[PDB]
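Protein chains in written order, with the authors' numbering: chain F, 1 to 75; chain E, 1 to 75; chain B, 260 to 308; chain C, 260 to 308.
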Amino acid sequence: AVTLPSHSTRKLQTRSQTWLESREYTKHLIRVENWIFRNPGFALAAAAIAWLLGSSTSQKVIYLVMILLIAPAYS
Amino acid sequence: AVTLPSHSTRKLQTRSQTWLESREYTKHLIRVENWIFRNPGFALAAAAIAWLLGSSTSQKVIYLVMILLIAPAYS
Amino acid sequence: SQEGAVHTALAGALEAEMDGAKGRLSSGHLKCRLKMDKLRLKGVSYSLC
Amino acid sequence: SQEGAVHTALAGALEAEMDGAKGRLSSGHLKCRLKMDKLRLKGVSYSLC
Numbered sequence: 001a002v003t004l005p006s007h008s009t010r011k012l013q014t015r016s017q018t019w020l021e022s023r024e025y026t027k028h029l030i031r032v033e034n035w036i037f038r039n040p041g042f043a044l045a046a047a048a049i050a051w052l053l054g055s056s057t058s059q060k061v062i063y064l065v066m067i068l069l070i071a072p073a074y075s
Numbered sequence: 001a002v003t004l005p006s007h008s009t010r011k012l013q014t015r016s017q018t019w020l021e022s023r024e025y026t027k028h029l030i031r032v033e034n035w036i037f038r039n040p041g042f043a044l045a046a047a048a049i050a051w052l053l054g055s056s057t058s059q060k061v062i063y064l065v066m067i068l069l070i071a072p073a074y075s
Numbered sequence: 260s261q262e263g264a265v266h267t268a269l270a271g272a273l274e275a276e277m278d279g280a281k282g283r284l285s286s287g288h289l290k291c292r293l294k295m296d297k298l299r300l301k302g303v304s305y306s307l308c
Numbered sequence: 260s261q262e263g264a265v266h267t268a269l270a271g272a273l274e275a276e277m278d279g280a281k282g283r284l285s286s287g288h289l290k291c292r293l294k295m296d297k298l299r300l301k302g303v304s305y306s307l308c
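Structure representation (structure tokens):
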């Protein structure tokens, strides 16, 4: 079907490498990087929505990052 | 491969139904709901990491929701 | 076989059917202006039944 | 088919092999205490060569 829950949630930990280990890092990094490289306008809109939220600067930057990570996965 | 960019980003719009229309809503909701139901403790961890951040109450609840979405996708 | 992954990746794309070399799309739209300057009326000048 | 999905859905699952009705796992973890009080030294009482 469509959902198919990922198994890296319950990663079995042992000295031997797991089934597809060499790919996780670039997996998530590449998905986000590609999605952003396609649509920059949303980077602008996310900057604005972050700036209008949050009092201090730290909260604003954290909001920027969390929006930029939520939108690519549509999670 | 592992990444496989989703096409709903570029949802082709017209009167006729698209390839898999009936599945999008429950797709995303089901993924999130199942992941949270499997691991309850992260609800508490997210509540704490929210409460430590953000002055107002509304900002803290927005933080809680955004964390509880960004985690199930490991986005 | 990587095929179901492509099938669910193709979420939100239009279907289409194909016969022979030609493929007939299933959804689109067009913009046609209708020059109705040479439409007449067949009925006028007929007596009532 | 959706198999290509199950191959990527599995990430962080151990690989195992199978012979007959038995399955050999090659990645594990065992805890054993070693009673080494019935070991002797074979070399004792040997002239230096």
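Virtual Cβ for every residue (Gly too), placed ideally from N, Cα, C.
For a contact meaning CB atoms closer than 8 Å, what does residue i contact in chain B?
i: C/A264; result: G263, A264 and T267
i: E/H28; result: Simply none; closest approach about 11 Å.
Can you name the residues of chain E whose CB is closer than 7 Å to the CB of residue i?
i: F/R23; result: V2
Considering only residues of the same chain and omitting the five flanking positions on each side of residue i, which have a CB-CB separation below 8 Å?
i: F/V61; result: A50
i: F/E24; result: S8
i: F/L69; result: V32
i: F/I67; result: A46, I49 and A50
Check whether chain E comes within 8 Å of residue i, counting only Cβ atoms and requiring the distance to be less than that.
i: B/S260; result: no
i: B/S285; result: yes
i: F/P72; result: yes
Beta-carbon of residue i versus every beta-carbon of chain F: anything under 8 Å?
i: E/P5; result: yes
i: C/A275; result: no
i: C/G279; result: no
Return yes when at least one heavy atom of the ligand MG lies under 7 Å from the C-beta of residue i, else no.
i: B/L298; result: Absence of the ligand MG from the depicted structure is noted, as is the absence of any ligand whatsoever, leaving it without description.
Among the residues of its own chain, which have a CB less than 6 Å from the CB of residue i, if the five just before and after it don't count?
i: E/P72; result: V32 and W35
i: C/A275; result: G282 and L284
Taking CB distances under 8 Å as the criterion, tell me whether residue i reaches chain B.
i: residue 93 of chain E; result: Outside the shown range of chain E (1 to 75) lies residue 93 of chain E, about which nothing can therefore be said.
Run through chain E and tell me which residues come within less than 9 Å of residue i, C-beta to C-beta.
i: B/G282; result: Those do not exist, as B/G282 stays about 15 Å from chain E at its closest Cβ, beyond 9 Å.
Which residues in the same chain have their Cβ closer than 7 Å to the Cβ of residue i, if we skip the five residues on either side of it in sequence?
i: C/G263; result: none
*Which residues, in order along the stretch 44-69 of chain F, keep a beta-carbon less than 8 Å from a beta-carbon of chain C?*
With the criterion set as a beta carbon lying under 8 Å from some beta carbon of chain C, the stretch 44-69 of chain F has no members that meet it.
*If contact means a Cβ-Cβ distance below 8 Å, which residues of the stretch 11-22 of chain E contact chain F?*
Within the stretch 11-22 of chain E, the residues whose Cβ lies closer than 8 Å to some Cβ of chain F are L20, listed in chain order.
*Can you give, in chain order, each stretch of the alpha helix (DSSP H) that sits fully within the stretch 17-54 of chain F and has at least 4 residues?*
Whole alpha helix (DSSP H) segments, 4+ residues: 24-38 and 41-52.
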